[PDB]
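Structure at a glance
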Amino acid sequence: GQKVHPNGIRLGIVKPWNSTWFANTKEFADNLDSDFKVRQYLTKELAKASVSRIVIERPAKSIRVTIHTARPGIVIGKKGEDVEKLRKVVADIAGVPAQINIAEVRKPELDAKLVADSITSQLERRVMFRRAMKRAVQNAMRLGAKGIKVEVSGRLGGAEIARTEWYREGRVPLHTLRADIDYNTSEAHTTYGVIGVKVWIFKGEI
Amino acid sequence: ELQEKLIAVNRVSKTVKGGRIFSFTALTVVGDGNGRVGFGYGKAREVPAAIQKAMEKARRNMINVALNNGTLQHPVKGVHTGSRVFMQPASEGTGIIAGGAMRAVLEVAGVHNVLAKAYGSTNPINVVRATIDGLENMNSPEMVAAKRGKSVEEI
Amino acid sequence: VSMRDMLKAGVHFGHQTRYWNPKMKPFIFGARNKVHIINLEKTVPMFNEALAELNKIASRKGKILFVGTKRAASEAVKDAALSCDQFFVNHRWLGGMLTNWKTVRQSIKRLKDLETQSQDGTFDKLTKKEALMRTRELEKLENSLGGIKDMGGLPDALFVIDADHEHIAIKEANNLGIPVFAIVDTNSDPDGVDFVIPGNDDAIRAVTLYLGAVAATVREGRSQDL
RNA sequence: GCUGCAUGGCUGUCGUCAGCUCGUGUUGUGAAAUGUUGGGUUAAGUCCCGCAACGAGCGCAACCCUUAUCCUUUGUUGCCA
RNA sequence: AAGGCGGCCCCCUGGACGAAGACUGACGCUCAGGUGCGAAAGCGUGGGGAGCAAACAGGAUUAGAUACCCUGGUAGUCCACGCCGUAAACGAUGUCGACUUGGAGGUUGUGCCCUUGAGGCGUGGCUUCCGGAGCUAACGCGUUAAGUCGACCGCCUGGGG
RNA sequence: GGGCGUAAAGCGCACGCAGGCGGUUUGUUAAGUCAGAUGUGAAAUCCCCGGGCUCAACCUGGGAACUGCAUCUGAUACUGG
Ligand SMILES: [Mg+2]
Ligand SMILES: [Mg+2]
Ligand SMILES: [Mg+2]
Ligand SMILES: [Mg+2]
Ligand SMILES: [Mg+2]
Ligand SMILES: [Mg+2]
Ligand SMILES: [Mg+2]
Ligand SMILES: [Mg+2]
Ligand SMILES: [Mg+2]
Ligand SMILES: [Mg+2]
Ligand SMILES: [Mg+2]
Ligand SMILES: [Mg+2]
Ligand SMILES: [Mg+2]
Ligand SMILES: [Mg+2]
Ligand SMILES: [Mg+2]
Ligand SMILES: [Mg+2]
Ligand SMILES: [Mg+2]
Ligand SMILES: [Mg+2]
Ligand SMILES: [Mg+2]
Ligand SMILES: [Mg+2]
Ligand SMILES: [Mg+2]
Ligand SMILES: [Mg+2]
Ligand SMILES: [Mg+2]
Ligand SMILES: [Mg+2]
Ligand SMILES: [Mg+2]
Ligand SMILES: [Mg+2]
Ligand SMILES: [Mg+2]
């Protein structure tokens, strides 16, 4: 059958909300749209910047955007010229001033976004999917993954019929609520269709 | 110091409700180059894992063979389920003349001069078993001398 | 150890003539009222020498493991092993206990850790929930692997109280090359056994006699080494 | 606008049914088997005993929410011995 | 011997096995061709024919139903004498001989033991079941071998045609 | 130097002529069997040791081989008479 979203089910318990701001019904949808605009614009032109997580905060008189990525050098540029241009555009998106705080991830392969986007990107670069998923799994275990599972599905290898392919090493206790599963999904636009990639990473409990 | 080499690798299948479940088998032979030779058979999903398993399986279950001088004491005939094996000692410098599976077994054991032919089925798993059986049942004149209580004037 | 001692203890009985093993012919005198008789004139001389080489294996500071799972001699084999400071199995011989010693040792360390952190250690964090669960795990592991907790290695030799009824242990010993000191009855099979001891094993006084002989030899080995 | 019979995502279904596997060991020439079967028991492959199996994992269960009782903390916009 | 043989009785007749001797003295085993026997169905002639039942008929069923189901029903099944010589004629395992650990039965003899007895110890023949070594591709066979061996005969050589 | 329970393959069964095979002891024979010798088994070829075309193919000396046949003498364990 179908599975619940592991981030969504454990959102209230162990998973900090991406959006951690409060208001009334008057500006709920309005600021929700602004978060959508910010995130989609940010992702589209930082597709190479290995963007992993975007945390939008709304203090009473501004917006704060925390970008968890693996390549701070690219996203800042020289002397911070790029972060100021992103400041101009992001602030103009929401019509309020914007603070930008850039957090770095030392282990990219233990975060479910970097592994997912890398596996997807290899597909349109024509890397065979079996080897790609195996490379991801081996990287996670070497760099200290307690459990890994990767799901590559849809039009594998230019075949006529879509097939499901998954490979699990380690430990993925999804039904355990205290378990810490970082989940992400990424997509691959290939000449023979579109491929879904799912990654579960278990990194201990409580 | 001891030698090890791989005989064959085969992909096997076990179908389940989802479909096939592919596996890989490895046949290897391990010998010290003197006449102490063994074989190991292992199964795994990956070829490196399968060959490694067969490696430890061969280090245990080692046997001893009494060799005259880089060759067999006498002609020997080793039979397993479907494989018939005939080996006879040859002269110095003639080298190894045997099939694929038998040559590897023989060369890791330490027999340099041998004429060996395989009849019946040529399945690697069974010809290796038949070759090991022959190297067992071959005997030495001194053990025969004690066996018959006749000392070593026979040779 | 003597002719009359074993005869008085009644080890000369064997099973019924409906359970015999055609490999027992050298060690059977006759059948009276469908009860085989084990020739003491044959079993004693090879009993003494088997005990003799048992002394020799003990001389090398060996580890002797006493295997009996029959309810007849449960407490019998336990006290005999502990008295001479040797190791034992009594509840049930776990399949692969010798061959799969790595996984067994994992369970043994798990066993070992629990006594020292629960009983003589700390009793904090009960939560009143898993205390009974954890003590039950202790008891299960104590009856199963309690007798081999300190070995830290493979036995040097085995003493078996029934070849046929512990054939699993016998085949593992043969595979690992461990010398076997097994008592064989009429219905048993001595092929795997290395130093066969023909005798009865259904009598408590008989089994205590046999365990006393091995106990005297092993303590003599220790004292001679001293 | 066409092709869900090219697909991703999402969903229904058996069904919250209790199953799905792996490591080492052992067995079998081998594919594989055993473990997972059997006597009971349980809501459950839940647990126990036996058992060439010893363990382990995903599922069962537990952790999350609410309701059922009490203790402590703050008392307004709620309560009045 | 196989095919096969089932109420009871009488007449004629074959083989088998057991006990203790006597007797012949290798007279033995196997067997190409040859000969004889050989279920059922079928064929010839003459009988017999209750039951059953190919064919055939009718009624159902069915999209159709030359069938399965139902109601009937001739040959045939029965006897005598010939012919046929075929079967999953099977143990799918040629005949003869020797050797190789065991256990429980069935069936038929036979020697003994205080025969005391409504009790046990031996010895044969035939016959089922389980299983050891061994053999087998495996299933399995396993003293009644598919084990270890000898004698001779028959047969086989990819699937169709 | 293969097989026939189930992969192809034990005649449906038996009797039985030819044929194949044959328990055990002594004597004799010497057909099979074995040993020795003698005569043949052409040359070339094949193989070994050499020789000559500058090498090689090629040619060539000797040897071995052609252990097959026949005869004579002898042995008598086994087979046959
Ligand atoms: Mg759901
Ligand atoms: Mg569909
Ligand atoms: Mg395993
Ligand atoms: Mg094996
Ligand atoms: Mg199952
Ligand atoms: Mg299974
Ligand atoms: Mg099963
Ligand atoms: Mg059960
Ligand atoms: Mg349930
Ligand atoms: Mg469970
Ligand atoms: Mg179990
Ligand atoms: Mg649950
Ligand atoms: Mg008829
Ligand atoms: Mg007629
Ligand atoms: Mg009718
Ligand atoms: Mg019949
Ligand atoms: Mg026929
Ligand atoms: Mg036939
Ligand atoms: Mg005949
Ligand atoms: Mg059987
Ligand atoms: Mg053939
Ligand atoms: Mg057929
Ligand atoms: Mg056939
Ligand atoms: Mg027949
Ligand atoms: Mg004769
Ligand atoms: Mg002659
Ligand atoms: Mg010539």
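Criteria and thresholds
- Residues numbered from 1 in each chain as written, not as in the entry; some residues may be left out.
- Chains lettered and ligands numbered in written order.
- Part of a larger assembly, values for the part shown.
- Heavy atoms only, no water.
- Helix = DSSP H or I, 4+ residues; strand = E, 2+ residues; numbered from the N terminus.
- Contact = heavy atoms within 4.5 Å.
- Core = buried A, V, L, I, M, F, W, Y, C linked by side-chain atoms within 4.5 Å.
- Buried < 20%, exposed > 50% of the residue type's maximum accessible area, 1.4 Å probe, protein only.
- Pairing = 2+ DSSP bridges.
- Axes fitted to C-alpha atoms, helices over the stretch in contact; angles between N-to-C directions.
- Near = heavy atom within 4 Å.
- Polar contact = N/O pair within 3.5 Å; in protein donor to acceptor, adjacent residues only side chain to side chain.
- Left-handed = near helix turned anticlockwise from the far one by under 90°.
- Nonpolar A, V, L, I, M, F, W, Y, C, P; charged D, E, K, R; others polar.
- Patch = residues over 30% accessible without salt bridge, like charges linked within 9 Å, V, L, I, M, F, W, Y side chains within 5 Å.
- Areas by Shrake-Rupley, 256 points an atom, 1.4 Å probe, with all protein chains shown as cover.
- Salt bridge = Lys/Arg side-chain N within 4 Å of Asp/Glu carboxyl O.
- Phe/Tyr/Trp six-rings, centres within 6.5 Å; stacked < 30°, edge-to-face > 60°.
- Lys NZ or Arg CZ within 6 Å of the ring centre and 35° of its normal.
- Arc of directions from axis to C-beta.

Its PDB record attributes the structure to cryo-EM, giving the resolution as 2.9 Å.

Going by what the PDB entry lists, chain C is known as 30S ribosomal protein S2 and is assigned to Escherichia coli BL21(DE3). Readers searching the PDB will find this entry under the title "Cryo-EM structure of an Escherichia coli 70S ribosome in complex with elongation factor G and the antibiotic Argyrin B".

By the naming in the PDB entry, chain B goes by 30S ribosomal protein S5 and is assigned to Escherichia coli BL21(DE3).

The helix and strand tally for chain B stands at four helices and seven strands. Its helices and strands taken in sequence order, chain B reads β-β-β-α-β-β-β-α-β-α-α from the N to the C terminus. Seen through its C-alpha atoms, chain B measures out along the principal axes to roughly 70 × 35 × 30 Å. Taking all contacts inside chain B whose residues are at least 6 apart in sequence as the whole, residues at least 24 apart take part in 53%.

Let's shift gears to the arrangement of the chains. Of all C-alpha pairs spanning chain A and chain C, none lies closer than 17 Å, and the two are not in contact. There is a clear gap between chain B and chain C: no contact, and 9 Å between their nearest C-alpha atoms.

Residue and element names in this part refer to chain C. Counting residues in hydrophobic clusters, the biggest one holds 31 residues, and the most contacted among them are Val-11, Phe-66 and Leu-211. When contributions to this core are tallied by element, the ones reaching two or more residues are α1 (3-9), α2 (40-59), β3 (64-67), α3 (74-83), β5 (157-160), β6 (180-184) and α7 (204-225). The contact partners of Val-11, leaving out residues within four places of it in the chain, are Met-6, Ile-38, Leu-40, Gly-199, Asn-200, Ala-206 and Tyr-210.

Another aspect to go through is the sheet that holds strand β1 (residues 51-57) of chain A. Residue and element names in this part refer to chain A. Spatially, three strands are ordered β1-β2-β3 in an open sheet, and the strand pairing comes out mixed. Each having just a single partner strand, β1 and β3 (98-104) make up the two edges of the open sheet. For this sheet, the mean inter-axis angle between neighbouring strands, taken without regard to orientation, is 20 degrees. Here β1 pairs with strand β2 (residues 63-69) via six bridges, running antiparallel. Across the sheet, the residue bridging to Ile-54 is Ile-67, located in β2. Along the sheet, helix α2 (residues 28-45) makes contact with β1 and β2, crossing β1 at roughly 155 degrees.

Attention now goes to the protein's contact with RNA strand D. As a matter of local geometry, RNA strand D sits amid 55 residues, with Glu-160 and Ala-162 of chain A, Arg-45 of chain B together with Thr-99 and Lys-140 of chain C nearest to it. For RNA strand D, the fraction of protein-proximal atoms (within 4 Å) that sit in sugar or phosphate groups is 75%. Take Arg-155 of chain A: an N or O atom from its side chain is 2.9 Å from a sugar or linking oxygen of RNA strand D. Here a base nitrogen of RNA strand D sits 2.9 Å away from a polar atom, N or O, in the side chain of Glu-172 of chain C. Those elements that place two or more of their residues in the surface near RNA strand D are β7 (193-202) of chain A, β1 (3-13), β3 (37-44), α1 (47-59) and α3 (124-137) of chain B together with α4 (101-118), α5 (130-145) and α6 (167-176) of chain C.

Glancing now at the packing of α2 of chain C against α7 of chain C. Residue and element names in this part refer to chain C. Across the interface, α2 lies against α7 with an axial gap of 8 Å and an inter-helix angle of 35 degrees. Seen along the crossing, α2 lies across α7 with a hand that is right-handed. Taken together, the residues of α7 that come into contact with α2 (itself represented by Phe-47, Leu-51, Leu-54, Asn-55, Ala-58 and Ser-59) are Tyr-210, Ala-213, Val-214, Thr-217, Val-218, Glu-220, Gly-221, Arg-222, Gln-224 and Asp-225. Classifying every residue of the contact of α2 with α7 by side-chain character gives eight nonpolar, five polar and three charged.

In this section: a nonpolar patch on the surface. Side chains of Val-4, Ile-9, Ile-13 and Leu-177 of chain A sit close together on the surface and give an oily, nonpolar patch of about 340 Å² of accessible area. With respect to the helices and strands, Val-4 of chain A occurs in the segment before α1 (6-9).

Throughout the structure, instances matching the rule amount to five aromatic pairs over all chains. Centre to centre, the rings of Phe-47 of chain C and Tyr-210 of chain C are 5.6 Å apart; their planes meet at 55 degrees, and the pair counts as tilted. Taken together, the residues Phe-47 of chain C in helix α2 and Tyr-210 of chain C in helix α7 connect sequence positions 163 residues apart. Among the residues examined, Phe-47 of chain C registers a relative accessible area of 3% and is labelled buried. Across the ring face of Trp-21 of chain A, the terminal group of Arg-58 of chain A is positioned such that the distance to the ring centre comes to 5.4 Å. A cation over a ring is seen here: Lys-134 of chain A above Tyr-167 of chain A, with NZ or CZ 3.3 Å from the ring centre.

What follows is about α6 of chain C. All names here are of chain C. Among the residues of α6, those classed as buried are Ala-169, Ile-170, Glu-172 and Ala-173. For α6, the buried positions fall inside an angular range of 165 degrees around the axis, keeping them on one side. Opposite its buried face, α6 presents the exposed residues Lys-171 and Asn-175, each directed more than 90 degrees away.

Note that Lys-70 of chain C resides in the loop between β3 and α3. Here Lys-70 of chain C is in contact with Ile-161, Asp-162, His-165, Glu-166 and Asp-201 of chain C, once residues within four sequence places are set aside.

Residues and elements named next belong to chain C. Read from one edge to the other, the open sheet built from five strands follows the order β4-β3-β5-β6-β7, with strand pairing classed as parallel. The sheet is open, and its two borders are formed by β4 (87-89) and β7 (197-198), each paired with just one other strand. Bridging between β6 and β7 involves two bridges; their strand directions are parallel. Its bridge partner lying in β7, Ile-183 is registered against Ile-197.

Another point: the pattern of salt bridges. Going through the model one piece at a time under the given rule, you end up with 17 salt bridges over all chains. Between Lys-15 of chain A and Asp-180 of chain A there is a salt bridge, with the nearest N and O atoms lying 2.7 Å from each other. Note that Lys-15 of chain A is positioned in the loop between α1 and α2 and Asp-180 of chain A in the loop between β5 (164-169) and β6 (181-190), a separation of 165 residues in sequence. Looking at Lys-15 of chain A, the relative accessible area reads 10%, which means it is buried. Of the charged contacts, one joins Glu-166 of chain C and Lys-70 of chain C as a salt bridge, the two residues approaching to 3.8 Å between their closest N and O atoms. One end of the pair, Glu-166 of chain C, is in the loop between β5 and α6; the other, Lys-70 of chain C, is in the loop between β3 and α3, with 96 residues separating them in the sequence. On the accessibility criterion, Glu-166 of chain C (3% relative accessible area) is buried. The exposure class of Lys-70 of chain C is buried, given its relative accessible area of 11%. Salt bridges sharing common partners tie together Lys-70, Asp-162, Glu-166 and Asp-201 of chain C.

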